[PDB]
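Peer 1: entry.tsv is the file, holding TSV, C-alpha atoms and all ligand atoms:
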chain	number	residue	atom	x	y	z
A	521	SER	CA	-68.61	-35.18	124.81
A	522	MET	CA	-70.07	-31.72	124.74
A	523	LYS	CA	-70.04	-30.23	128.25
A	524	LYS	CA	-73.16	-30.29	130.38
A	525	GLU	CA	-75.38	-27.29	130.89
A	526	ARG	CA	-75.01	-25.86	134.38
A	527	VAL	CA	-78.52	-25.66	135.94
A	528	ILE	CA	-78.64	-23.80	139.25
A	529	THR	CA	-82.36	-23.88	140.03
A	530	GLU	CA	-85.39	-25.20	138.12
A	531	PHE	CA	-88.97	-23.96	138.11
A	532	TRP	CA	-92.31	-24.69	136.48
A	533	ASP	CA	-91.82	-21.70	134.15
A	534	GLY	CA	-88.11	-22.12	133.37
A	535	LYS	CA	-84.64	-22.75	134.73
A	536	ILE	CA	-81.67	-20.68	135.77
A	537	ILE	CA	-78.35	-21.66	134.20
A	538	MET	CA	-74.91	-20.20	134.69
A	539	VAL	CA	-71.99	-19.63	132.35
A	540	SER	CA	-68.56	-19.52	134.01
A	541	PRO	CA	-65.31	-18.08	132.56
A	542	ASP	CA	-63.78	-21.52	131.83
A	543	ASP	CA	-66.75	-22.84	129.80
A	544	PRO	CA	-66.70	-23.75	126.11
A	545	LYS	CA	-66.35	-20.97	123.57
A	546	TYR	CA	-69.90	-21.34	122.21
A	547	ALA	CA	-71.21	-20.79	125.73
A	548	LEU	CA	-69.01	-17.74	126.43
A	549	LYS	CA	-70.08	-16.46	123.03
A	550	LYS	CA	-73.75	-16.87	123.99
A	551	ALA	CA	-73.04	-14.96	127.23
A	552	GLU	CA	-71.40	-12.15	125.24
A	553	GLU	CA	-74.41	-11.99	122.92
A	554	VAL	CA	-76.74	-11.60	125.89
A	555	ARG	CA	-74.56	-8.93	127.53
A	556	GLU	CA	-74.59	-6.96	124.30
A	557	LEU	CA	-78.37	-7.15	124.16
A	558	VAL	CA	-78.66	-5.93	127.76
A	559	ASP	CA	-76.21	-3.03	127.35
A	560	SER	CA	-78.04	-1.98	124.20
A	561	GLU	CA	-81.33	-1.85	126.09
A	562	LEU	CA	-79.56	0.14	128.81
A	563	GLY	CA	-78.22	2.49	126.13
A	564	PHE	CA	-74.51	1.61	126.31
A	565	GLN	CA	-72.48	1.53	123.08
A	566	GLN	CA	-69.75	-1.04	123.93
A	572	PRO	CA	-63.34	-11.05	131.95
A	573	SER	CA	-61.88	-14.06	133.78
A	574	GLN	CA	-64.11	-13.49	136.80
A	575	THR	CA	-67.69	-12.72	135.72
A	576	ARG	CA	-70.47	-15.29	135.84
A	577	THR	CA	-73.51	-14.93	133.59
A	578	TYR	CA	-76.75	-16.29	134.97
A	579	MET	CA	-79.59	-16.75	132.53
A	580	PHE	CA	-83.28	-17.44	133.16
A	581	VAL	CA	-84.35	-19.73	130.32
A	582	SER	CA	-88.05	-20.02	129.47
A	583	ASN	CA	-89.68	-23.34	128.70
A	584	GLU	CA	-89.52	-22.26	125.05
A	585	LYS	CA	-85.72	-22.21	125.38
A	586	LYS	CA	-85.49	-18.40	125.20
A	587	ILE	CA	-83.25	-16.35	127.49
A	588	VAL	CA	-85.78	-14.04	129.16
A	589	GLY	CA	-83.58	-13.04	132.09
A	590	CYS	CA	-79.93	-12.33	132.63
A	591	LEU	CA	-77.76	-11.38	135.61
A	592	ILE	CA	-74.03	-10.70	135.28
A	593	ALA	CA	-72.21	-11.10	138.53
A	594	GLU	CA	-68.56	-10.39	139.46
A	595	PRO	CA	-66.46	-10.44	142.64
A	596	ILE	CA	-66.11	-7.19	144.59
A	597	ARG	CA	-64.67	-6.31	147.98
A	598	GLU	CA	-66.63	-3.27	149.12
A	599	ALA	CA	-69.67	-1.26	148.22
A	600	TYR	CA	-71.46	1.88	149.46
A	601	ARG	CA	-74.90	2.55	150.91
A	602	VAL	CA	-77.10	4.71	148.69
A	603	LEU	CA	-78.40	7.74	150.60
A	604	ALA	CA	-81.35	10.08	150.43
A	605	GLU	CA	-80.83	13.41	148.78
A	606	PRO	CA	-82.57	16.53	150.15
A	607	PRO	CA	-85.21	17.42	147.55
A	608	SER	CA	-84.96	20.79	145.81
A	609	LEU	CA	-87.76	23.20	146.70
A	610	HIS	CA	-88.76	24.23	143.16
A	611	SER	CA	-87.18	21.16	141.53
A	621	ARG	CA	-79.64	12.08	137.42
A	622	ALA	CA	-77.12	11.65	140.26
A	623	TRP	CA	-77.33	10.03	143.69
A	624	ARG	CA	-75.00	10.36	146.66
A	625	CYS	CA	-73.73	7.38	148.65
A	626	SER	CA	-72.13	6.87	152.01
A	627	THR	CA	-68.42	7.53	152.20
A	628	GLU	CA	-67.95	4.54	154.56
A	629	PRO	CA	-67.44	1.43	152.41
A	630	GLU	CA	-68.93	-1.82	153.67
A	631	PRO	CA	-67.56	-5.28	152.82
A	632	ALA	CA	-69.30	-7.12	150.04
A	633	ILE	CA	-68.65	-10.22	148.01
A	634	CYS	CA	-70.82	-10.19	144.87
A	635	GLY	CA	-71.42	-7.32	142.48
A	636	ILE	CA	-74.54	-7.44	140.35
A	637	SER	CA	-73.17	-5.69	137.27
A	638	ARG	CA	-76.22	-6.13	135.03
A	639	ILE	CA	-79.67	-7.52	135.64
A	640	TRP	CA	-82.31	-7.72	132.97
A	641	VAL	CA	-85.70	-9.33	132.31
A	642	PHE	CA	-87.58	-9.37	128.99
A	643	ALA	CA	-90.03	-6.46	129.16
A	644	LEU	CA	-93.11	-8.57	128.50
A	645	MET	CA	-92.20	-10.91	131.41
A	646	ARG	CA	-91.40	-8.39	134.13
A	647	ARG	CA	-93.12	-8.50	137.53
A	648	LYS	CA	-93.06	-12.33	137.46
A	649	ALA	CA	-90.19	-12.66	140.02
A	650	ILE	CA	-87.61	-13.62	137.38
A	651	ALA	CA	-85.13	-11.01	138.67
A	652	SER	CA	-85.77	-11.99	142.30
A	653	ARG	CA	-85.19	-15.65	141.56
A	654	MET	CA	-82.03	-14.83	139.62
A	655	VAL	CA	-80.66	-12.90	142.59
A	656	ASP	CA	-81.61	-15.87	144.82
A	657	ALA	CA	-79.71	-18.19	142.50
A	658	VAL	CA	-76.64	-15.92	142.56
A	659	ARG	CA	-76.71	-15.77	146.37
A	660	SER	CA	-76.93	-19.58	146.52
A	661	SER	CA	-74.17	-20.37	144.04
A	662	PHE	CA	-71.64	-17.52	143.83
A	663	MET	CA	-69.52	-18.65	146.78
A	664	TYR	CA	-69.00	-22.38	147.16
A	665	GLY	CA	-70.56	-23.80	150.33
A	666	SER	CA	-72.30	-20.59	151.41
A	667	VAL	CA	-75.44	-18.55	150.90
A	668	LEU	CA	-74.76	-14.82	150.61
A	669	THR	CA	-76.95	-12.45	152.59
A	670	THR	CA	-78.57	-9.39	151.06
A	671	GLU	CA	-75.84	-7.30	152.76
A	672	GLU	CA	-73.13	-9.17	150.86
A	673	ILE	CA	-74.47	-8.21	147.42
A	674	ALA	CA	-74.35	-4.79	145.76
A	675	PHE	CA	-75.72	-3.39	142.50
A	676	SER	CA	-73.82	-1.30	139.97
A	677	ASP	CA	-75.18	2.20	139.24
A	678	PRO	CA	-78.87	1.22	139.21
A	679	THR	CA	-81.34	2.36	136.64
A	680	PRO	CA	-84.64	3.63	138.12
A	681	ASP	CA	-86.17	0.16	137.48
A	682	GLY	CA	-83.15	-1.38	139.26
A	683	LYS	CA	-83.38	0.89	142.28
A	684	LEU	CA	-87.04	-0.06	142.72
A	685	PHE	CA	-86.18	-3.72	142.36
A	686	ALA	CA	-83.14	-3.64	144.64
A	687	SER	CA	-84.83	-1.78	147.48
A	688	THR	CA	-87.76	-4.17	147.42
A	689	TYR	CA	-85.50	-7.25	147.19
A	690	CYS	CA	-83.06	-6.19	149.91
A	691	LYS	CA	-85.99	-4.76	151.91
A	692	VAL	CA	-84.22	-1.43	152.57
A	693	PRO	CA	-83.93	1.88	150.73
A	694	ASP	CA	-80.18	2.14	151.38
A	695	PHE	CA	-78.95	-1.00	149.65
A	696	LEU	CA	-75.35	-1.41	148.49
A	697	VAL	CA	-74.11	0.11	145.26
A	698	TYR	CA	-70.80	0.26	143.38
A	699	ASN	CA	-69.78	1.81	140.06
A	700	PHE	CA	-67.62	-0.88	138.34
A	701	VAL	CA	-64.53	-3.02	139.01
A	702	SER	CA	-61.53	-1.43	137.23
B	103	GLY	CA	-78.80	8.43	126.73
B	104	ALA	CA	-77.98	5.64	129.18
B	105	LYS	CA	-80.65	4.52	131.63
B	106	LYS	CA	-78.28	3.97	134.57
B	107	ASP	CA	-78.13	6.92	137.01
B	108	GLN	CA	-74.93	8.33	138.45
B	109	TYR	CA	-73.92	7.48	142.00
B	110	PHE	CA	-71.34	9.62	143.83
B	111	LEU	CA	-69.81	9.93	147.32
A	801	LIG	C1	-77.29	-1.95	136.17
A	801	LIG	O1	-77.44	-2.71	135.26
A	801	LIG	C2	-77.89	-2.25	137.54
A	801	LIG	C3	-77.50	-3.72	137.80
A	801	LIG	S1	-79.67	-1.86	137.53
A	801	LIG	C4	-80.27	-2.55	135.97
A	801	LIG	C5	-81.79	-2.85	136.18
A	801	LIG	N1	-82.31	-3.37	134.90
A	801	LIG	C6	-83.02	-2.51	133.96
A	801	LIG	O2	-83.22	-1.36	134.24
A	801	LIG	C7	-83.47	-3.16	132.63
A	801	LIG	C8	-84.99	-3.06	132.42
A	801	LIG	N2	-85.73	-3.41	133.62
A	801	LIG	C9	-85.76	-4.80	134.06
A	801	LIG	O3	-85.17	-5.62	133.44
A	801	LIG	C10	-86.58	-5.16	135.28
A	801	LIG	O4	-87.34	-4.06	135.62
A	801	LIG	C11	-85.75	-5.54	136.56
A	801	LIG	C12	-84.57	-6.51	136.26
A	801	LIG	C13	-85.22	-4.33	137.31
A	801	LIG	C14	-86.75	-6.24	137.52
A	801	LIG	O5	-87.00	-7.50	136.95
A	801	LIG	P1	-88.36	-8.23	137.51
A	801	LIG	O6	-89.51	-7.54	136.83
A	801	LIG	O7	-88.34	-9.65	137.02
A	801	LIG	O8	-88.37	-7.96	139.08
A	801	LIG	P2	-89.28	-8.83	140.12
A	801	LIG	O9	-90.50	-9.41	139.41
A	801	LIG	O10	-88.48	-9.94	140.74
A	801	LIG	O11	-89.71	-7.76	141.30
A	801	LIG	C15	-89.66	-8.03	142.68
A	801	LIG	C16	-90.06	-6.70	143.33
A	801	LIG	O12	-89.31	-5.74	142.88
A	801	LIG	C17	-90.20	-4.48	142.79
A	801	LIG	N3	-90.24	-3.83	141.61
A	801	LIG	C18	-89.64	-4.60	140.70
A	801	LIG	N4	-89.70	-4.01	139.49
A	801	LIG	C19	-90.35	-2.85	139.69
A	801	LIG	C20	-90.69	-1.82	138.84
A	801	LIG	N5	-90.58	-1.43	137.44
A	801	LIG	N6	-91.36	-0.76	139.27
A	801	LIG	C21	-91.70	-0.67	140.59
A	801	LIG	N7	-91.36	-1.67	141.46
A	801	LIG	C22	-90.69	-2.75	140.98
A	801	LIG	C23	-91.63	-5.01	143.07
A	801	LIG	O13	-91.84	-4.63	144.50
A	801	LIG	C24	-91.55	-6.31	142.85
A	801	LIG	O14	-92.49	-7.13	143.63
A	801	LIG	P3	-94.02	-7.27	143.07
A	801	LIG	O15	-94.78	-8.39	143.74
A	801	LIG	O16	-94.10	-7.48	141.60
A	801	LIG	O17	-94.62	-5.90	143.37
How would this structure read if it were set down as structure tokens?

Peer 2:
Amino acid sequence: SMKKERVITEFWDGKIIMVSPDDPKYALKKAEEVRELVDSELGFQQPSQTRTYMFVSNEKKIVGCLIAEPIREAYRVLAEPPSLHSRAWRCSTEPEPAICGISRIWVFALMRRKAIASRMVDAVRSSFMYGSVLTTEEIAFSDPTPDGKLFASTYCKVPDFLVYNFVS
Amino acid sequence: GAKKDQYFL
């Protein structure tokens, strides 16, 4: 039979599923489609370790996505002295250990501020590492957009949350 | 172009 859909958490307004690298090709192809949509909205032109989490609405539409990947370290984002008479941020030079890199996170614009992103990050923390629940100090975000920095600081409850650029 | 900011040491 056709493989089962991997539901992580379920809610009144949808469910969070996850696509893993070893899943069927139609699933991996759906994950690719969603990543292309997200990169396009971020303004980017164009493997065996990323997991794609999707928030699926009750109408069976993917209205949220979070692409997660293993990492080993990340860096605290720091405050920059403002210029007196007026986009790059500076991070700590001391790396801190981290487990899960949030490479992309996206919610359909008309459904933002409904805790879809927060619940997706909860689902990642609960399912990324078998038998464990990751703390907010074990996750990091890649080069956040302004939206992402506002989300991440609220979610992790600190201004200096963990950041990384990309796993090469 | 891209909406992601740059983050440096
Ligand atoms: C690279 O990709 C990095 C991984 S960063 C990429 C961030 N994604 C984008 O920039 C794409 C477009 N923006 C989005 O998809 C969404 O804005 C997010 C995914 C960033 C947030 O999704 P969501 O809207 O579902 O977040 P929550 O409801 O879970 O918010 C929880 C708390 O986060 C704070 N906050 C969130 N979003 C904020 C925005 N635009 N502005 C200011 N503050 C924002 C809030 O404190 C929010 O709690 P509330 O009770 O709603 O206040």

Peer 1: Could you list as a VMD selection string every residue that has an atom within 8 Å of (-73.2, 6.5, 147.1), using the file's coordinates and counting only C-alpha atoms?

Peer 2: (chain A and resid 600 to 603 623 to 627 697 to 698) or (chain B and resid 109 to 111)

Peer 1: Please check the contacts: residues of chain A at most 12 Å away from chain B, using only C-alpha atoms, listed as a ChimeraX atom specification.

Peer 2: /A:558-566,599-605,621-629,637-639,675-683,696-700

Peer 1: Provide the CA of residue 695 (chain A) to CA of residue 674 (chain A) distance in Å, to one decimal place.

Peer 2: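 Between CA of residue 695 (chain A) and CA of residue 674 (chain A) the gap works out to 7.1 Å.
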
Peer 1: So, counting all atoms listed in the file, which residue among A:586, A:648, A:545, A:550 is closest to ligand LIG 801 (chain A)?

Peer 2: A:648

Peer 1: Between A:557, A:655, A:633, A:649, which one has atoms that come closest to ligand LIG 801 (chain A), using only C-alpha atoms and all ligand atoms?

Peer 2: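 Looking at the shortest contact to ligand LIG 801 (chain A), the residue is A:649.
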
Peer 1: Restricting the calculation to only C-alpha atoms and all ligand atoms, which member of A:690, A:644, A:673, A:636 is positioned closest to ligand LIG 801 (chain A)?

Peer 2: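 Under the stated criterion, the closest residue is A:636.
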
Peer 1: Write out as a PyMOL selection string the residues lying within 9 Å of region 527-529 of chain A, counting all atoms listed in the file and excluding same-chain residues fewer than 6 positions away.

Peer 2: chain A and resi 535-538+578+653+657-658+660-661

Peer 1: Since we have the selection now, will you write its residues out, keeping C-alpha atoms, as a compact mmCIF listing (two decimals), keeping the file's coordinate frame?

Peer 2:
# COMPACT_ATOMS: atom_id res chain seq x y z
CA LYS A 535 -84.64 -22.75 134.73
CA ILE A 536 -81.67 -20.68 135.77
CA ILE A 537 -78.35 -21.66 134.20
CA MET A 538 -74.91 -20.20 134.69
CA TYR A 578 -76.75 -16.29 134.97
CA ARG A 653 -85.19 -15.65 141.56
CA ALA A 657 -79.71 -18.19 142.50
CA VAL A 658 -76.64 -15.92 142.56
CA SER A 660 -76.93 -19.58 146.52
CA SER A 661 -74.17 -20.37 144.04

Peer 1: So what do you get for CA of residue 668 (chain A) versus atom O8 of ligand LIG 801 (chain A), distance-wise?

Peer 2: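 Between these atoms lies a distance of 19.1 Å.
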
Peer 1: Figure out the distance between atom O7 of ligand LIG 801 (chain A) and CA of residue 552 (chain A), please, to one decimal in Å.

Peer 2: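 It comes out at 20.8 Å.
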